[PDB]
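>>> please find the sequence and an experimentally derived structure below.
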Amino acid sequence: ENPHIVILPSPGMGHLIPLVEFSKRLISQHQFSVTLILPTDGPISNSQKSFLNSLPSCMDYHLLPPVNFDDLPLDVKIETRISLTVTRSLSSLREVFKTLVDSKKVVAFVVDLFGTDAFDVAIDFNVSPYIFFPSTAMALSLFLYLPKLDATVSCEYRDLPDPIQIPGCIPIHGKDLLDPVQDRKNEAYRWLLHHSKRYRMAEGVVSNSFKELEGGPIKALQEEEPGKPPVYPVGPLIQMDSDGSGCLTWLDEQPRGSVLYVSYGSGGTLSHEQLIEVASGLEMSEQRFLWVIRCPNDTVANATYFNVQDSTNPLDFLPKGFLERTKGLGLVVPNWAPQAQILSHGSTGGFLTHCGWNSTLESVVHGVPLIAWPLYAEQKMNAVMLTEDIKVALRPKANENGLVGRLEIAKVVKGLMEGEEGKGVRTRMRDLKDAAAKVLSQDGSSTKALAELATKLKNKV
Ligand SMILES: O=c1ccn([C@@H]2O[C@H](COP(=O)(O)OP(=O)(O)O)[C@@H](O)[C@H]2O)c(=O)[nH]1
């Protein structure tokens, strides 16, 4: 029977997308079969049910019974929620894992960055545990480095005067480290230390990056050390392609490389004030834009938005007349857009992104230069390497209070689409687009790393 792999994503579609591509390439290139075990905290949406019921043939899934979070404070950090989703699911995971081991030749149990507590079931059934790291190699280096870092400094990382030196990475200031390490007293940092200390138990770590993108970190990560698992960089793992919003029909009416795509992520929120400056900044830029807009996290006190203070329609928070005035140049789509297809469209010449790694990789595979606007999670770390190391992103400056003025926005937008500053990022992003195609080619470095992993796992049966 085929060598079988069991995969446990952490809650969140952002983690699921890259894991499904990893499975698809293991199935197509090395004749694996895959089971996706999904913890839940409630009912799944209809869109999720469709995505799951349209998975490839040799890939099935099993949904665990929902965990209850009524005890968690409303201020609970997501990393705490994710971690607790695994521990509170271990009983039902154990039952499901039993049946798989009885019926299939299970050669590996792949968890993601916050699933180390599922190692105990893997060990109990004599299945090699693996970690899929859905983010950057720099972030992966930081995880492996964190037990040492945590012991070298006890103050909050923001208060460190000098930049933190992660092995093999560009120096980065503590204030730019990922969110769950910004408050060392929060359960989120404790959970992160818990998992990172347990990365040594993994037989391997799959990294969603490639060498042309992060040669420094990957080189440091692959240097052997006792207690350090081997690292397989197999990226870019993105849903690579070959419309109820009418986005793509609109893009068909625009010239080539002329539209700035704007998305602040699925969870990214701006202050209403900041949202106003973004809308106004896009108008002052005089460029074409496609903006997937979501509601702001608060409302400005101006009377113009007194009747929509409680509105859930994102379009109600725009400056009055903004849509009328920009109808020819800009398309504003509310809440969700066909991103992958938008970044593949030839009329897209730029992407103002929150620097989520899946969005970043999709933009890299399609060669779309970036304006980096990090918001949460590890996005500030990603912005730094994108702006200062890889140099494929422009970054607007904010005032003392973190407000990016309409003028700075208009400047960076024009800078990316027309200005001298955007010439180099566009060029370097095209070189990375070609690099992404090389590493995923027949003899590419990421295709070979996946084959190295596939060989090790098949040699267990
Ligand atoms: O309007 C949107 C926003 C996001 N995405 C998809 O959601 C993922 C973005 O996740 P990322 O890792 O960039 O950061 P996150 O939003 O998960 O924090 C990518 O697959 C995008 O294509 C999308 O299709 N439409």
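Arrived safely. Residues are numbered from 1 along each chain as shown.

>>> all contacts plus neighbour counts: C-alpha atoms, from now on.
Noted.

>>> near the ligand, which residues of the stretch 351-461 of the chain?
For the stretch 351-461 of the chain, the contact set with the ligand under CA under 6 Å from any ligand atom comprises 356, 357, 358, 359.

>>> residue 251 is in contact with residue 345, correct?
Yes: if you go by CA atoms under 8 Å, residue 345 and residue 251 touch, sitting 7.3 Å apart.

>>> compare the two (neighbour count), which wins?
Legend: neighbour count by other CA atoms under 10 Å for residue 345 and residue 251, higher for residue 251 (21 against 18).

>>> the ligand contacts on the stretch 101-250 of the chain?
Counting by CA under 6 Å from any ligand atom, no residue of the stretch 101-250 of the chain is near the ligand.

>>> residue of the stretch 1-150 of the chain nearest the ligand, please.
Nearest to the ligand in the stretch 1-150 of the chain, going by CA to the nearest ligand atom, is residue 14, at a distance of 3.9 Å.

>>> in the helix or strand containing that residue, which residues are buried?
Assigned by DSSP states H and E, residue 14 falls within helix 13-30. Of the residues in helix 13-30, 14-27, 30 count as buried by neighbour count, 16 or more other CA atoms under 10 Å.

>>> stretch 239-257 now?
247, 248, 251, 254.

>>> residues contacting the helix or strand hosting residue 214, please?
According to DSSP H and E, residue 214 maps onto helix 211-222. Residues from elsewhere that reach helix 211-222 (CA atoms under 8 Å, 6 or more residues apart in numbering): 137-138, 141, 167-169, 210, 230-231, 233, 390, 432, 435-436, 445.

>>> what residues sit buried inside it?
Here helix 211-222 shows 211, 212, 213, 214, 215, 216, 217, 218, 220, 221 as buried, counting by 16+ other CA under 10 Å.

>>> that older thread, derive a PyMOL selection command for the buried subset of the residues of the stretch 351-461 of the chain next to the ligand.
The PyMOL command for the buried members of those (criterion: 16+ other CA under 10 Å) is given here:
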select buried, resi 356+357+358+359
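
>>> just the C-alphas of stretch 343-358, formatted as PDB.
Extracted C-alpha coordinates of stretch 343-358, given in PDB (Å, rounded to 0.1, in the frame of the first residue of the first chain):
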ATOM      1  CA  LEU A 343      -1.800  38.700  -8.500                       C
ATOM      2  CA  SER A 344      -1.600  36.500 -11.600                       C
ATOM      3  CA  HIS A 345      -3.400  39.100 -13.800                       C
ATOM      4  CA  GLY A 346      -1.100  41.000 -16.100                       C
ATOM      5  CA  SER A 347      -2.700  44.400 -15.200                       C
ATOM      6  CA  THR A 348      -1.500  44.000 -11.600                       C
ATOM      7  CA  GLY A 349       1.800  45.800 -11.200                       C
ATOM      8  CA  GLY A 350       2.000  46.300  -7.400                       C
ATOM      9  CA  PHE A 351       0.700  44.900  -4.100                       C
ATOM     10  CA  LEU A 352       0.300  46.900  -0.900                       C
ATOM     11  CA  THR A 353       0.400  43.900   1.500                       C
ATOM     12  CA  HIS A 354       0.400  43.300   5.200                       C
ATOM     13  CA  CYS A 355       3.300  40.800   4.500                       C
ATOM     14  CA  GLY A 356       1.600  37.600   5.500                       C
ATOM     15  CA  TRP A 357       3.900  34.900   4.200                       C
ATOM     16  CA  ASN A 358       1.300  33.200   2.000                       C
END
